[PDB]
Amino acid sequence: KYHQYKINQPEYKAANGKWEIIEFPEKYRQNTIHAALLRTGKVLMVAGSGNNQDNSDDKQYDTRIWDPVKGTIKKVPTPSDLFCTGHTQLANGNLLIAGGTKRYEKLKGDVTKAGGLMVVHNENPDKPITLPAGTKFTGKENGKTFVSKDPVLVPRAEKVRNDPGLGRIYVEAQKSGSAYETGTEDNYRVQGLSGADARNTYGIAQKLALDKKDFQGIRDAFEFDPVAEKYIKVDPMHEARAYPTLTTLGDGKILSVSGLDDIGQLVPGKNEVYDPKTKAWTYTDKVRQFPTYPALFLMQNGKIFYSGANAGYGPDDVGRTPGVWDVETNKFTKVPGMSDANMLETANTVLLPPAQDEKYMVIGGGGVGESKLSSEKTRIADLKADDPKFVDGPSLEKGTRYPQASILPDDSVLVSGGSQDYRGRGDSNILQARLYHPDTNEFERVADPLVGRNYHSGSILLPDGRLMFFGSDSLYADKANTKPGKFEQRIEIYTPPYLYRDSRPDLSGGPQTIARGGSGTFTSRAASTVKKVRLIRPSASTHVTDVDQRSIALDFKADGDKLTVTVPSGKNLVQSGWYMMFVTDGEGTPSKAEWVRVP
């Protein structure tokens, strides 16, 4: 009862804010893994199968739409397993959603021994090859050995280069324990072959560890319409992709990158572009491979920035280097200086406010695969500088995988939650929140979250300036890691310190449509007190990845109770679509947002 007094005192809330848990009625609960703020002010919450074996088996796919003002929630018919889909807002205001997974079956084997799927390649066009049970596969980089339990038939190659024959087979370590696990893709030598057979036959596997998966991508794509509140089927991708990044390019087309293919292989750099005018997909001409959910942002010069943050898969030495990517020419240029570059899996990335400055922050992360390593660091790259590089920012207390990170209308970034170890192992959720201040490069500690959030979590800024937090998919239920985890179905709302002060500036006049380079006029009785105007793109958050959120500074003029704002001219900076517009006063206190559409 004391703690509860301390955190509800007016002085405390004025310094630190306040958290609140929201539980929904049982019938509306789900494992929310993606969320996006819609222009209607409601929040799309996507579970798909919810990373739940029974729901996959049953084809039980879930979506909700939540009204944060009224507190009502409804179900939305869901046509595909969207749990590992990619998504971003289109110029038309709909959310493009693409990819996902096929039905996934539990892997059979010994739960104490590292393992998973080996894809055997056969380069011989004349003959298939059968590898009997007990065949040994040893990594060429990692040096570790796994053994097949059943025989595998590997078809002949096809002449067309020869395109290898492929055969998948479960493999497993000889002995129990984490020492025999791997964390990244490797090419595996088949023991016992010599000569043309050894030359022609090899295995490729992703991580072979103790949290064993085999997800396989799908091609299905949809536009989520926020007015109709339905997914509208569009043309499918050419490539099946589980866990792809979708990101907007300078021309308004959406680039889809990476993911796992329809047999669980990493897609080998074959990227493609959705044209919203035709509703059709086209391959890009050149290949560039990334791990899953690469953090990819459109820069002001039309190039793409890869922060290095990603959700895993693929080799430890391809697709792992932060840099600037010219999509049209395919040139990639490293941005050097990242600390703890071995701990970029499961880090967050934010394009800091204001987006004009082209400053990116990478936050936390962990070692490849199921590694115990985790990073306390922030790293910042200023892309306008003469020689752009990462430099360390302020540090968290603890090494943090999966931190949530949302831009606020006062230019702070709320950095919250995460865990010290893989999927919250060892009951390692970090119940801590901080505001990061880009102008001073400083962290300030705020009120602790009430619910732990690790893997499969996120956060969303809302139009009234509060924030919603969702998800968390712990591997174990207990600190001793003996019982299976249960997905976290509670959500939370955080009310920041700026709502526990004096009166917020008033604002009306939306929704409006304002073109790049144009102006609009709004009403605020408190116009003379406005210090900053921010156009903030709504989040679409999943797997510690959000390429949609950004906060653009608007020039403005006050004339009595009328504020006139100007949207900047650059199509790369101000991506077509809908935005929240917030006005903040001299004391750092924001209005509620009005919605603005940029054509």
# chains A, B, ... in the order shown; residues from 1 in each chain; ligands from 1

$ closest_atom_pairs --of "segment 544-590 of chain A" --to "segment 280-293 of chain A" --cutoff "10 Å" --atoms "only C-alpha atoms" --output "tab-separated table"
residue	atom	partner	partner_atom	distance
A:544	CA	A:293	CA	8.9
A:545	CA	A:293	CA	7.0
A:546	CA	A:293	CA	9.6

$ residues_around --residues "residue 203 of chain A" --least-positions-apart "4" --cutoff "10 Å" --atoms "only C-alpha atoms" --output "PyMOL selection string"
chain A and resi 117-122+137-139+166-169+186-190

$ residues_around --residues "segment 499-502 of chain A" --least-positions-apart "6" --cutoff "12 Å" --atoms "only C-alpha atoms" --output "list in words"
residues 8, 9, 10, 11, 12, 13, 14, 15, 16, 17, 18, 409, 410, 464, 465, 466, 467, 584, 585, 586, 587, 588, 589, 590, 591 and 592 of chain A

$ residues_around --residues "segment 69-84 of chain A" --least-positions-apart "3" --cutoff "8 Å" --atoms "only C-alpha atoms" --output "VMD selection string"
chain A and resid 28 33 to 34 46 to 51 56 59 61 to 66 98 to 102 220 229 to 231 242 to 244

$ select_by_dssp --residues "segment 247-404 of chain A" --states "strand (DSSP E)" --output "PyMOL selection string"
chain A and resi 247-248+254-257+272-275+280-283+296-298+304-306+323-325+332-334+348-351+359-363+378-382+390-392+404

$ residues_around --residues "segment 561-576 of chain A" --least-positions-apart "3" --cutoff "7 Å" --atoms "only C-alpha atoms" --output "PyMOL selection string"
chain A and resi 91+250+298-300+302+516-527+554-558+598-599

$ write_last_selection --atoms "N, CA, C and O atoms" --output "mmCIF file, in the first residue's frame"
data_model
loop_
_atom_site.group_PDB
_atom_site.id
_atom_site.type_symbol
_atom_site.label_atom_id
_atom_site.label_comp_id
_atom_site.auth_asym_id
_atom_site.auth_seq_id
_atom_site.Cartn_x
_atom_site.Cartn_y
_atom_site.Cartn_z
ATOM 1 N N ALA A 91 0.266 5.622 -49.117
ATOM 2 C CA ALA A 91 -0.129 7.004 -49.466
ATOM 3 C C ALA A 91 -1.626 7.198 -49.356
ATOM 4 O O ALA A 91 -2.074 8.244 -48.948
ATOM 5 N N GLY A 250 11.157 6.647 -52.075
ATOM 6 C CA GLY A 250 10.920 8.065 -52.484
ATOM 7 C C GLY A 250 9.760 8.238 -53.452
ATOM 8 O O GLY A 250 8.984 9.211 -53.371
ATOM 9 N N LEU A 298 13.667 5.480 -44.953
ATOM 10 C CA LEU A 298 13.910 6.351 -46.105
ATOM 11 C C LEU A 298 14.593 7.662 -45.610
ATOM 12 O O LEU A 298 14.036 8.402 -44.775
ATOM 13 N N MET A 299 15.763 7.923 -46.169
ATOM 14 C CA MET A 299 16.522 9.162 -45.913
ATOM 15 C C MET A 299 16.061 10.280 -46.846
ATOM 16 O O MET A 299 15.406 10.031 -47.864
ATOM 17 N N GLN A 300 16.431 11.519 -46.513
ATOM 18 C CA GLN A 300 16.061 12.697 -47.333
ATOM 19 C C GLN A 300 16.608 12.738 -48.739
ATOM 20 O O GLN A 300 15.980 13.302 -49.616
ATOM 21 N N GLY A 302 16.659 10.092 -50.643
ATOM 22 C CA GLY A 302 16.031 8.961 -51.325
ATOM 23 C C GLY A 302 16.722 7.592 -51.136
ATOM 24 O O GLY A 302 16.195 6.593 -51.572
ATOM 25 N N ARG A 516 2.561 18.897 -49.547
ATOM 26 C CA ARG A 516 3.939 19.310 -49.338
ATOM 27 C C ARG A 516 4.166 20.716 -49.859
ATOM 28 O O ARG A 516 3.823 21.034 -50.971
ATOM 29 N N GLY A 517 4.739 21.568 -49.038
ATOM 30 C CA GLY A 517 4.944 22.957 -49.411
ATOM 31 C C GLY A 517 3.741 23.843 -49.157
ATOM 32 O O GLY A 517 3.865 25.029 -49.283
ATOM 33 N N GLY A 518 2.582 23.285 -48.806
ATOM 34 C CA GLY A 518 1.429 24.115 -48.502
ATOM 35 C C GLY A 518 1.229 24.436 -47.044
ATOM 36 O O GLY A 518 1.987 24.025 -46.186
ATOM 37 N N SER A 519 0.166 25.207 -46.786
ATOM 38 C CA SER A 519 -0.156 25.683 -45.469
ATOM 39 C C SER A 519 -1.602 25.420 -45.084
ATOM 40 O O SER A 519 -2.489 25.496 -45.920
ATOM 41 N N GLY A 520 -1.829 25.272 -43.788
ATOM 42 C CA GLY A 520 -3.176 25.214 -43.233
ATOM 43 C C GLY A 520 -3.307 26.022 -41.951
ATOM 44 O O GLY A 520 -2.333 26.241 -41.211
ATOM 45 N N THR A 521 -4.537 26.444 -41.671
ATOM 46 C CA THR A 521 -4.775 27.259 -40.516
ATOM 47 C C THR A 521 -5.623 26.491 -39.506
ATOM 48 O O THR A 521 -6.612 25.813 -39.869
ATOM 49 N N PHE A 522 -5.170 26.519 -38.260
ATOM 50 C CA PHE A 522 -5.854 25.894 -37.126
ATOM 51 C C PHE A 522 -6.177 26.950 -36.058
ATOM 52 O O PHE A 522 -5.592 28.018 -36.077
ATOM 53 N N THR A 523 -7.123 26.622 -35.172
ATOM 54 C CA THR A 523 -7.480 27.470 -34.045
ATOM 55 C C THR A 523 -6.935 26.945 -32.727
ATOM 56 O O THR A 523 -7.089 25.778 -32.394
ATOM 57 N N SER A 524 -6.271 27.837 -31.997
ATOM 58 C CA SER A 524 -5.818 27.596 -30.641
ATOM 59 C C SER A 524 -5.888 28.929 -29.875
ATOM 60 O O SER A 524 -5.189 29.848 -30.241
ATOM 61 N N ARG A 525 -6.741 28.974 -28.860
ATOM 62 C CA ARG A 525 -6.851 30.097 -27.876
ATOM 63 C C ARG A 525 -5.476 30.320 -27.253
ATOM 64 O O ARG A 525 -5.054 31.467 -27.036
ATOM 65 N N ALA A 526 -4.730 29.224 -27.059
ATOM 66 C CA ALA A 526 -3.331 29.295 -26.569
ATOM 67 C C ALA A 526 -2.247 29.420 -27.653
ATOM 68 O O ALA A 526 -1.066 29.069 -27.384
ATOM 69 N N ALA A 527 -2.589 29.913 -28.841
ATOM 70 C CA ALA A 527 -1.636 30.041 -29.917
ATOM 71 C C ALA A 527 -0.323 30.768 -29.549
ATOM 72 O O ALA A 527 0.747 30.374 -30.060
ATOM 73 N N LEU A 554 7.242 21.473 -38.165
ATOM 74 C CA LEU A 554 6.563 22.390 -39.067
ATOM 75 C C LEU A 554 6.848 23.819 -38.653
ATOM 76 O O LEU A 554 6.642 24.183 -37.500
ATOM 77 N N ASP A 555 7.278 24.642 -39.595
ATOM 78 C CA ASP A 555 7.288 26.104 -39.347
ATOM 79 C C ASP A 555 5.867 26.563 -39.136
ATOM 80 O O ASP A 555 4.894 25.951 -39.672
ATOM 81 N N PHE A 556 5.730 27.606 -38.328
ATOM 82 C CA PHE A 556 4.390 28.084 -38.010
ATOM 83 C C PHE A 556 4.408 29.575 -37.663
ATOM 84 O O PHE A 556 5.456 30.136 -37.400
ATOM 85 N N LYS A 557 3.225 30.176 -37.710
ATOM 86 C CA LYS A 557 3.024 31.566 -37.299
ATOM 87 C C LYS A 557 1.713 31.668 -36.523
ATOM 88 O O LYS A 557 0.729 31.032 -36.917
ATOM 89 N N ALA A 558 1.723 32.403 -35.409
ATOM 90 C CA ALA A 558 0.546 32.689 -34.593
ATOM 91 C C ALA A 558 0.004 34.068 -34.958
ATOM 92 O O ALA A 558 0.771 35.009 -35.055
ATOM 93 N N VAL A 598 -1.370 14.281 -45.968
ATOM 94 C CA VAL A 598 -0.454 14.784 -46.991
ATOM 95 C C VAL A 598 -0.608 13.921 -48.258
ATOM 96 O O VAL A 598 -0.294 12.707 -48.209
ATOM 97 N N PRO A 599 -1.070 14.521 -49.382
ATOM 98 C CA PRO A 599 -1.275 13.743 -50.622
ATOM 99 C C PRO A 599 -0.002 13.212 -51.210
ATOM 100 O O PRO A 599 1.097 13.713 -50.950
#

$ select_by_dssp --residues "segment 31-266 of chain A" --states "helix (DSSP H, G or I)" --output "number ranges by chain"
A: 53-58, 178-180, 195-200

$ write_last_selection --atoms "C-alpha atoms" --output "mmCIF file, in the first residue's frame"
data_model
loop_
_atom_site.group_PDB
_atom_site.id
_atom_site.type_symbol
_atom_site.label_atom_id
_atom_site.label_comp_id
_atom_site.auth_asym_id
_atom_site.auth_seq_id
_atom_site.Cartn_x
_atom_site.Cartn_y
_atom_site.Cartn_z
ATOM 1 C CA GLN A 53 0.325 -24.221 -31.882
ATOM 2 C CA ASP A 54 -3.361 -24.953 -31.328
ATOM 3 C CA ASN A 55 -4.484 -21.837 -33.217
ATOM 4 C CA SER A 56 -2.171 -22.633 -36.134
ATOM 5 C CA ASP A 57 -3.633 -26.224 -36.254
ATOM 6 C CA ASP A 58 -7.179 -24.811 -36.188
ATOM 7 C CA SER A 178 23.424 -25.127 -24.769
ATOM 8 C CA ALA A 179 27.137 -25.686 -25.520
ATOM 9 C CA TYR A 180 26.231 -27.608 -28.748
ATOM 10 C CA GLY A 195 34.931 -37.188 -54.418
ATOM 11 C CA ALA A 196 32.072 -35.954 -56.655
ATOM 12 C CA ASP A 197 29.510 -36.757 -53.892
ATOM 13 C CA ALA A 198 31.297 -34.534 -51.278
ATOM 14 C CA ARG A 199 31.613 -31.750 -53.922
ATOM 15 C CA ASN A 200 27.923 -32.032 -54.881
#

$ closest_residue --among "A:182, A:506, A:552, A:211" --to "residue 476 of chain A" --atoms "only C-alpha atoms"
A:211

$ residues_around --residues "segment 151-160 of chain A" --least-positions-apart "3" --cutoff "6 Å" --atoms "only C-alpha atoms" --output "short mmCIF file (atom, residue, chain, number, x, y, z; two decimals) with C-alpha atoms, in the first residue's frame"
data_model
loop_
_atom_site.label_atom_id
_atom_site.label_comp_id
_atom_site.auth_asym_id
_atom_site.auth_seq_id
_atom_site.Cartn_x
_atom_site.Cartn_y
_atom_site.Cartn_z
CA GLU A 123 24.23 -30.10 -57.16
CA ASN A 124 24.27 -33.34 -59.22
CA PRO A 125 21.89 -33.10 -62.26
CA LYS A 127 21.20 -38.48 -59.94
CA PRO A 128 19.38 -38.05 -56.61
CA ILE A 129 21.14 -38.90 -53.37
CA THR A 130 19.75 -40.51 -50.27
CA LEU A 131 21.41 -39.74 -46.96
CA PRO A 132 20.61 -42.44 -44.47
CA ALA A 133 19.63 -41.99 -40.85
CA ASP A 163 19.78 -25.22 -59.54
CA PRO A 164 20.30 -27.63 -56.63
CA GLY A 165 17.93 -30.33 -55.53
CA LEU A 166 16.64 -29.69 -52.00
CA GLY A 167 15.60 -32.04 -49.20
#

$ closest_atom_pairs --of "segment 439-458 of chain A" --to "segment 387-406 of chain A" --cutoff "7 Å" --atoms "only C-alpha atoms" --output "JSON lines"
{"residue": "A:441", "atom": "CA", "partner": "A:393", "partner_atom": "CA", "distance": 6.6}
{"residue": "A:442", "atom": "CA", "partner": "A:394", "partner_atom": "CA", "distance": 6.3}
{"residue": "A:443", "atom": "CA", "partner": "A:394", "partner_atom": "CA", "distance": 6.5}
{"residue": "A:454", "atom": "CA", "partner": "A:402", "partner_atom": "CA", "distance": 5.5}
{"residue": "A:455", "atom": "CA", "partner": "A:402", "partner_atom": "CA", "distance": 6.1}
{"residue": "A:458", "atom": "CA", "partner": "A:404", "partner_atom": "CA", "distance": 5.6}

$ write_last_selection --atoms "N, CA, C and O atoms" --output "PDB file, in the first residue's frame"
ATOM      1  N   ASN A 441      21.004  14.810 -25.277  1.00  0.00           N
ATOM      2  CA  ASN A 441      21.591  13.467 -25.381  1.00  0.00           C
ATOM      3  C   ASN A 441      21.548  12.784 -23.995  1.00  0.00           C
ATOM      4  O   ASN A 441      22.438  12.041 -23.652  1.00  0.00           O
ATOM      5  N   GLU A 442      20.484  13.046 -23.228  1.00  0.00           N
ATOM      6  CA  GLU A 442      20.377  12.565 -21.843  1.00  0.00           C
ATOM      7  C   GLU A 442      19.208  11.618 -21.620  1.00  0.00           C
ATOM      8  O   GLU A 442      18.161  11.834 -22.222  1.00  0.00           O
ATOM      9  N   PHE A 443      19.386  10.617 -20.748  1.00  0.00           N
ATOM     10  CA  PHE A 443      18.274   9.770 -20.258  1.00  0.00           C
ATOM     11  C   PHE A 443      17.796  10.303 -18.909  1.00  0.00           C
ATOM     12  O   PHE A 443      18.570  10.740 -18.111  1.00  0.00           O
ATOM     13  N   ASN A 454       8.931  -8.607 -23.228  1.00  0.00           N
ATOM     14  CA  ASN A 454      10.141  -9.088 -23.936  1.00  0.00           C
ATOM     15  C   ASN A 454       9.816  -9.320 -25.446  1.00  0.00           C
ATOM     16  O   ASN A 454       9.404  -8.382 -26.127  1.00  0.00           O
ATOM     17  N   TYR A 455      10.037 -10.526 -25.967  1.00  0.00           N
ATOM     18  CA  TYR A 455       9.770 -10.884 -27.351  1.00  0.00           C
ATOM     19  C   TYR A 455       8.295 -10.640 -27.682  1.00  0.00           C
ATOM     20  O   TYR A 455       7.402 -10.850 -26.843  1.00  0.00           O
ATOM     21  N   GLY A 458       5.383  -4.367 -28.178  1.00  0.00           N
ATOM     22  CA  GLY A 458       5.518  -3.079 -28.844  1.00  0.00           C
ATOM     23  C   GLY A 458       4.828  -1.950 -28.118  1.00  0.00           C
ATOM     24  O   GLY A 458       4.274  -2.152 -27.045  1.00  0.00           O
TER      25      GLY A 458
END

$ closest_residue --among "A:356, A:89, A:194, A:375" --to "residue 301 of chain A" --atoms "only C-alpha atoms"
A:356
